[PDB]
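Take a look at the structure set out below.
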Amino acid sequence: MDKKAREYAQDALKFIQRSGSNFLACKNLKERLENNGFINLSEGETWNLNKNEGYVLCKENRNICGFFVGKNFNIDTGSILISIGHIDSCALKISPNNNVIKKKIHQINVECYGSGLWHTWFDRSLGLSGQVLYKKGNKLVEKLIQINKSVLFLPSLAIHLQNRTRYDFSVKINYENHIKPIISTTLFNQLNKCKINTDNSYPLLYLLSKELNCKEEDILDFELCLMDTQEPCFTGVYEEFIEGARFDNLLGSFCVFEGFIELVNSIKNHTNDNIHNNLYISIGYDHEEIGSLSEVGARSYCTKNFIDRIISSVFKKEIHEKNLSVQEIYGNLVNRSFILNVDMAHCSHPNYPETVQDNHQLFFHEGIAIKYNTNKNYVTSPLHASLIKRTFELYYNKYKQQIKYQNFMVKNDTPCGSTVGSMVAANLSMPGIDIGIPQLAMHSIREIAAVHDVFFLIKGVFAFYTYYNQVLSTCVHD
Amino acid sequence: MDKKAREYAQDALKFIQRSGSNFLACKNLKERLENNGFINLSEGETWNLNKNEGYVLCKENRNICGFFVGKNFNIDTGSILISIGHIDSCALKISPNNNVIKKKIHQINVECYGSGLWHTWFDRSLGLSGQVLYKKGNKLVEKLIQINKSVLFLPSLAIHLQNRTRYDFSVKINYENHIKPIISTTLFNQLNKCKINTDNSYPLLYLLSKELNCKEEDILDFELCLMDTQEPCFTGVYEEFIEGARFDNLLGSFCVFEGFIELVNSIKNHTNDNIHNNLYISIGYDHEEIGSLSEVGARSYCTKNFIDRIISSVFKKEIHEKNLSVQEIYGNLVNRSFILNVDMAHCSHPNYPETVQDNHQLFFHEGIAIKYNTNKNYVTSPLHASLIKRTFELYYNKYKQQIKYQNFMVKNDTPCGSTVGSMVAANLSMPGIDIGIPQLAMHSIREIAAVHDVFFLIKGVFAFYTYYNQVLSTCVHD
Amino acid sequence: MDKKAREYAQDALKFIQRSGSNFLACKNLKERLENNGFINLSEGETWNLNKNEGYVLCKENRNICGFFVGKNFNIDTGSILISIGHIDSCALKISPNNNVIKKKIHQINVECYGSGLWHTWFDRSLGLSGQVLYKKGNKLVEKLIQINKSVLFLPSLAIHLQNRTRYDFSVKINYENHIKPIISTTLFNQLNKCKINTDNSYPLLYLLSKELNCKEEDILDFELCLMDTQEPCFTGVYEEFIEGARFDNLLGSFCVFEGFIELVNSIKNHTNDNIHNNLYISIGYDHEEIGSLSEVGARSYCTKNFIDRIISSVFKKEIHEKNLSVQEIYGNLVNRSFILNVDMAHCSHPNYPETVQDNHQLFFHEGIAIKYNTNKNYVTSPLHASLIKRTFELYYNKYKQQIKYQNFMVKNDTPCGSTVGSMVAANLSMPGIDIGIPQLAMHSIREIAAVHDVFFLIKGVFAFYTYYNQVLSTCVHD
Ligand SMILES: [Zn+2]
Ligand SMILES: [Zn+2]
Ligand SMILES: [Zn+2]
């Protein structure tokens, strides 16, 4: 696994450093799915879905959703298997009116998107990734940009100005005042000008026009996210960790789609009856960090309408002549359905032993977290994790490679952030689980994670895809 | 100057990224001085100094001190011109007993050297630079190592565990407990072992033995400093800033020695009487961040004994036969002497307008700071800055390139950190000034500075070297 | 070692109980050095120093400094080895105007010298030690007194008067008001009078006149320190500890001079080339507890002028005819020089586990502390402790007795008191180390320490004296 765990983390470290925002997360995953032969269908034309074919759609370039229709569906004995991991992170997005000129320094005022460690974003060689809408002729042209060179810097305050050396000197980052990255000075802005809107920064507008090869006056408005220009890398002495940026479920949703790609490649190659019996959906949501209340979030009707469009297009012919309905067929498959929500989990911090549960601890290379909660912030029920642990045991009987797992639970007094596990499980009425891999410094600009956990997560989504209905057929209720 | 300012910042960005600590600061500057032909003399043999020759000495590989004896000294009309910038920074040095195994994670406990923004050191791909003493046979072998790959990581706490989203969530970095970088896990430490001292970390001892090509049992003890593995780079949209690490007077003492190298090259080439009339010393101190109370610090007798060894070796023949003394000759040259202390200064932060003086502000590309103080934490007197501003005007009359300057003064209510200006001016009884270039986020792991200020500082040390006695001859007291 | 460790602590317990102050510390050490044959030379006559002879000088009876000139000095290959431990402690010194008559009780108002546990000085049978200047005829006669009987008592407040039994009843010792020892009542002062200055206490003036055998009117002024009259003793069940008083480096500077005496006795007896090659200085400083800013402190020019007087008197003949200077010769020997600062260290307190570092702990009988620091309050560098640990290994190869050591480091958040390690290392420009032995209740009136650590310290100073140049010759720098 040492070789396959490093090869899995290598491709994840090719995915991140190209996935600088939520837009290039949808773009690079759609490019990753189209390399295996997925038919890229748009939401706006018409859906004529076929058996045995895989499909992919970016809903308005924020929400990736790739699904694979099995060969023999059975309305009677079949399932809809969904793996979920949001494609976004806590980033400093750029405000619309950004022209801050203070102390002879051109600045951007950025909006803090999500709930992040914003003091870690201080003193970083920052870049740009996101979506820029610009004019070309009479047509609005949309381009996803990726500026991997350092063009922004959020400077900290020098230590000499406040009181020093005690209780970490009472550092307080005011989110409006102190979080405003510098981009240029007014000296070299005017020096690089002689060789229309006053709301956009001309150092910024010169930068995007250099990337898009147009005038700065053609740049209309943009949704840009600040990213750290430092490439992700294997760390530790033994090159045993991974870290670069955005590992809050951009590493995790890589394993959602890498586990989904290996499933479809296992279905298409070497062609055993129940693998062609399911609808395997793999959706990368947006706007998780702010609560999923969006048109492309988890609380959206987007996924629920996607399944009701797959059911209507696949079973187009059997609605008419045996008088079934969509909600009859959808509620028929919901009993055999499942949701595998993948989002990162808190590894046991060695420097903070007071924020960890005693029994439910997570360590690196120890396996997938299975995140439980008091208040169902994670949707894991002890029945529905027992089915997934038996999919990990059916993986061990066939591939002779153990998928390790470990139960994670936050302390009863401390609160924890909710995920999209129970959001989609309420929208789709499907049972669910919340798994993920342990990482340290979650919601920060650099997040460290283990490379064996990337192997266990990719095989963990693949084992849930392959062996869920083999476990579900053996469950007898009263 | 645009071309020469970028070329000066380019070589500074070659100096830093090789100067990872205070030891490789002495090593790379001694290599930089020996490329121009400086005679590397050791403290332990004998000093036979000559006219017209330049010398360089690392005092126990921490304190660099390069000096140039002019061709015609005059005890009557001659000077000792000293430029000073310490070669060290706030870094996380490694403790001697470093074997921290908590939560199945191998850690280093590091000692916070200096007064730094230690919350900025969190979540950085950290490396190693410093001095390692190891055995080879029966001989203690000393080697200066530089590990530019990321082998350490100081992780932050995840945001979900404390209270969130208000007043920056009451972040408090306990300096002992929370500052302990992780280096490995106990899984891959034991996994990479089967394929003597219990105080040193075996993940660390495996790492240094891999660099030194010896056994881990030969590594005795080391003075290692954690550095950030990210290379320094030109930033801004117009590539107009510089930042990587350690810019608290490792950029500034580069300009001390780059201004010193250009002086000696101006003396040796194109061979006008008073340029050969002085002793130009350029010393890079250690241990400034902790108060210079050391054997290689500014409060040491090292510099005072160096001048009394230069005076004794140059004027070896005139002591005997006209019955002069060292203190007679040293106090004769102290009246014409000067100290140019170079250390970085606080640029006007746009996000913190309450910590800046109204009239004494520093902006980027606006010139050298001339740091004044109430309590003489900076040694600048208004007489002795008036001589240096006239050396900047004599530079403009010859080279037709203006050396811009700006006066810097901290507010009366806020305290500021003292420098080595008044420390060496008391030890040597020489008048002084405190100049430097404005930078933001001083004493942090990433410090941003302007590239025109690097040009003004290098020409500023060069103008003080070339034109001080031309200004000093025109001063008439009562 | 059990026999030699008890014999070493026995002579230390003869030294303390005669060393009641800083004056009798200089006196008894000068008597201890003169018993081995050290030539007692005064500062005021002339220095005609010889090879192979040992010298001793009390600078104005506060600062002891004994040195031994080796037989064959080599300016080329030779060294100055200095061991340092201050001879003073936190004591209640007597104020000049001491006539406090309150509530019919004669009192002394004492000045709190140093930073001590002054609540431990309450309720002690206190004595007197120090220097008394008195007249005899027309001549000012100076006498060092030692009153080992209890003549003073600093009483506490009874428990019934404040609130009781909770959180240690809010004890607050006001340093002026509550620290005033009673000495007599006005009843027995007047009763013992019938059988000039109003500023001195007549109960005190009767006491010193009884010791000096003169009138009370001849006593002019005095520098007296209150001491505890209880003799030091071996404690524990197994007689395994030592405690009496003043063990903050009066026990430690005993090991400085006992390690120095055993060196000189090893040089004179059994007469191998490099032992006669060095200048072994052993200096006992004063005024450490208040910051060494004194004429006899560590920040004084006393030690720096002593070495420049030894170099001038030993090399009196080679200055003239090969035209060397003092600062040339002094800076030649500084490269091979070292400073061994000895001051006590904090043993791991069992009742206070929150004030100790986790990895850098000190236990009794576990070895010498090697005190490291963040801010170089201790002058120990990891290079220069690596040389001293190899002097401890060269001791083990010759004497077959292991000198145990243990690294000590205070926590990063807590501050620690600075020592004279970096003070003398700045004044002399010599590299240094801070060693010492672990003790509990430092700066208190009773301080407990271990008897094996007294053996390790005496052999530790002796191993640094004997084997430093054997280690220093094997170091190869780049
Ligand atoms: Zn997430
Ligand atoms: Zn500095
Ligand atoms: Zn002490």
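To the nearest Å, what is the center-to-center distance of the range B:115-186 and the range B:378-444, using C-alpha atoms only?
If we compute the Cα centre of each part, the gap is 34 Å.
Any idea what log10 I(q)/I(0) is at q = 0.23, 0.31, 0.32 Å⁻¹ for the range B:360-407, Debye with uniform C-alpha scatterers and no solvent?
Log-scaled intensity ratios, in q order: -0.88, -1.14, -1.16.
Could you please report the charge total around A:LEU13, scoring K, R as +1 and D, E as -1 over all other residues with beta-carbon less than 12 angstrom from its beta-carbon?
-1
Label-to-label distances across copies for C:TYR301, with labels 7 Å out along Cα→Cβ, in nm, shortest first?
Label point to label point, same position, other copies: 1.2, 9.2 nm.
Only bridges with both residues in the protein assembly as shown count here: give the DSSP antiparallel percent, nearest 5.
On the way: 165 of 236 bridges.
Bridges in the protein assembly as shown that DSSP calls antiparallel: roughly 70 percent.
Taking every Cα atom in the range A:1-160, find the radius of gyration and the maximum pairwise distance Dmax, and write them in Å.
Here Rg and the maximum Cα pair distance are 20.7, 72 Å.
C:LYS102 versus C:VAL141, label points 7 Å from Cα toward the beta carbon: distance in nm?
3.6
Work out the length of the dipole vector of chain C about its Cα centre, built from +1 on the beta-carbon of each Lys and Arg and -1 on the beta-carbon of each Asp and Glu, and round it to the nearest 20 debye. Please list the in-between numbers first.
Details: 49 positive and 50 negative charges, 174 e Å.
My answer is approximately 840 debye.
What does the charge add up to near C:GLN470, with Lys and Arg as +1, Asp and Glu as -1, over the other residues with Cβ less than 14 Å from its Cβ? Don't skip to the end; give the middle numbers.
Numbers: positive: B:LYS139, C:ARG336, C:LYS389, C:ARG390, C:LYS398; negative: C:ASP273, C:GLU393.
Within the 14 Å Cβ shell, the charges total +3.
Can you put A:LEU117, A:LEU161, B:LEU440 in order of Cβ neighbours within 10 angstrom, beginning with the fewest? Don't skip to the end; give the middle numbers.
Numbers: A:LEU117 26, A:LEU161 20, B:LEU440 31.
Result, fewest neighbours first: A:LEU161, A:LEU117, B:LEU440.
What's the local net charge at A:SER170, with K and R +1, D and E -1, over the other residues with C-beta under 13 Å away?
Summing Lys/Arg as +1 and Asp/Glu as -1 gives +2.
At B:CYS194 and B:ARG166, where each label point lies 7 Å from the Cα along Cα→Cβ, what is the point-to-point distance in nanometres?
In this crude label model, B:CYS194 to B:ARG166 measures out at 5.3 nm.
Could you sort the peptides B:238-246, B:281-289, A:6-14, A:232-240 by per-residue average Cβ neighbour count (10 Å cutoff), highest mean leading?
Top to bottom by mean Cβ count within 10 Å: B:281-289, B:238-246, A:232-240, A:6-14.
Considering only chain B, what is the antiparallel percent among its DSSP beta bridges, to the nearest 5?
Roughly 70 percent of the DSSP beta bridges within chain B come out antiparallel.
Please list C:147-158, A:177-188 highest first by mean number of surrounding beta-carbon atoms within 10 Å per residue. Each step should come with its number before you reach the end.
Numbers: C:147-158: 15.1, A:177-188: 22.0.
Packing order, densest peptide first, comes out as A:177-188, C:147-158.
How big is the C-alpha Rg of the protein assembly as shown next to the rule-of-thumb value 2.2 N^0.38 Å, as a ratio? Walk me through the numbers on the way to the answer.
Numbers: Rg = 37.5 Å, N = 1434, 2.2 N^0.38 = 34.8 Å.
In units of the 2.2 N^0.38 Å rule of thumb, it is 1.08.
For A:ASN265 and A:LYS404, FRET efficiency with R0 = 22 Å and r from the beta-carbon atoms, rounded to 0.05? Please report the intermediate quantities before stating the final value.
Working: r = 24 Å, r/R0 = 1.08.
In this case the efficiency is close to 0.40.
What pairs in A:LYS143/A:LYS193; B:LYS71/C:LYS322; C:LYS3/C:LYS398; B:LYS195/C:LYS404; C:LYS27/C:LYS193; B:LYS4/B:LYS143 have C-alpha atoms more than 27 Å from each other?
Cα-Cα > 27 Å for B:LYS195/C:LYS404; C:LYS27/C:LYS193; B:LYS4/B:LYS143; rest within.
Straight-line reach only, C-alpha to C-alpha below 17 angstrom: list the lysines that B:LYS180 could link to, leaving out same-chain residues fewer than 8 apart.
B:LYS93, B:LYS102, B:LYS103, B:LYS104, B:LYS172, C:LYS411
Would you mind giving the mean number of other chain beta-carbons within 10 Å of the Cβ of each residue in B:445-451, as a whole number? Let's see the in-between values first.
Numbers: counts 3, 8, 4, 7, 0, 3, 1.
Rounded to a whole number, the mean comes out at 4.
Treat the count of other C-beta atoms within 10 Å as a stand-in for reagent exposure and order B:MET1, B:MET442 from fewest to most. Write out the running numbers ahead of the final one.
Numbers: B:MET1 13, B:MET442 30.
Starting with the residue having the fewest Cβ neighbours, the order is B:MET1, B:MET442.
For the range B:396-478, build the convex hull from the C-alpha positions and give me its volume per residue in Å³.
Hull volume normalised by residue count: 163 Å³.
Since chains C and A are linked by a rotation, which residue in C has the beta carbon closest to its axis, and how far is it in Å?
That would be C:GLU354, 8.
Suppose you put the label 7 Å out from Cα in the Cβ direction; list, shortest first and in nm with one decimal, how far C:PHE153 is from each other copy's label.
Ordered by distance, the counterparts are at 6.7, 7.1 nm.
Ignore the peptide's own chain and count Cβ atoms of other chains within 10 Å of each Cβ in A:101-108; give me the average, rounded.
5
For the range C:243-392, take N as its residue count and report Rg(C-alpha) divided by 2.2 N^0.38 Å.
1.28
Could you give the size of the charge dipole of the range B:90-230 about its Cα centre, using +1 on the Cβ of each K and R and -1 on the Cβ of each D and E, expressed in debye and rounded to the nearest 20?
With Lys and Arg at +1 and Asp and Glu at -1, about 440 debye.
Hey, fewest Cβ within 10 Å first, where do B:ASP273, B:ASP2 land in order? Walk me through the numbers on the way to the answer.
Details: B:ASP273 9, B:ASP2 12.
Ascending Cβ contact count within 10 Å gives the list B:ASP273, B:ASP2.
Could you compute how fast the range A:172-324 diffuses translationally, taking Rh as the Kirkwood radius over C-alpha pairs and applying Stokes-Einstein at 4 °C with viscosity 1.567 mPa s? Give it in µm² per second.
It diffuses with D of about 60 µm²/s by this estimate.
Pop the C-beta distance of B:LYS14 and C:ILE39 into the FRET formula with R0 = 60 Å and round what comes out to the nearest 0.05.
It comes out at approximately 0.55.
Bin all alpha-carbon pair distances of the range B:315-465 at 10 Å intervals from 0 and give each bin's fraction as a whole percent.
11, 35, 30, 15, 6, 2, 0
How big is D for chain C, in µm² s⁻¹ as a whole number, if Stokes-Einstein is applied with the Kirkwood radius of its Cα pairs at 4 °C and 1.567 mPa s?
Details: Rh = 23.7 Å.
My calculation gives 55 µm²/s for D.
Expressed in whole Å with the largest first, what are the equivalent ellipsoid semi-axes of the range A:85-193 derived from the C-alpha gyration tensor as the square root of 5 times each eigenvalue?
30, 20, 11
How crowded by other chains is C:419-427, given as the mean number of beta carbons from other chains within 10 Å of each beta carbon?
That works out to 5 on average.
For a quick size check, give me the Cα extents of the range A:24-102 along its three principal axes, largest first, whole Å.
Over the range A:24-102, Cα extents along the principal axes are 66, 24, 22 Å.
If amide hydrogens are placed 1.01 Å from N in the peptide plane, which non-local residues have theirs closer than 5 Å to the one on B:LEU152?
Residues meeting the criterion, in which the H sits 1.01 Å from N, are A:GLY236, B:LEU126.
At a 10 angstrom cut-off on C-beta neighbours, averaged per residue, how do the peptides C:17-29, A:133-145 rank from highest to lowest?
C:17-29, A:133-145
List the distances, in nm to one decimal, from the label point of C:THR165 to the label points of the same position in every other copy, shortest first, placing each label point 7 Å from Cα along the Cα-to-Cβ direction.
Reported distances to equivalent positions: 4.4, 5.0 nm.
Using unit Cβ charges (K, R positive; D, E negative) and no other charged atoms, how large, in debye to the nearest 20, is the dipole of the protein assembly as shown about its Cα centre?
500
Can you show me the helix-derived [θ] at 222 nm for the protein assembly as shown, built from DSSP H runs with n ≥ 4 at -39,500 (n - 2.57) apiece and divided by the number of residues, rounded to the nearest 500.
Taken over the protein assembly as shown, the calculation gives -8500 deg cm²/dmol.
Once both labels are modelled 7 Å past Cα along the beta-carbon direction, what's the B:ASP2-A:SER381 spacing in nm?
Using points 7 Å along Cα→Cβ, the separation is 6.8 nm.
Cβ: placed from backbone, ideal geometry, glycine included. Neighbour counts: every protein chain shown. Every number in this text was worked out from the coordinates using simple rules, so none of it is lab data.
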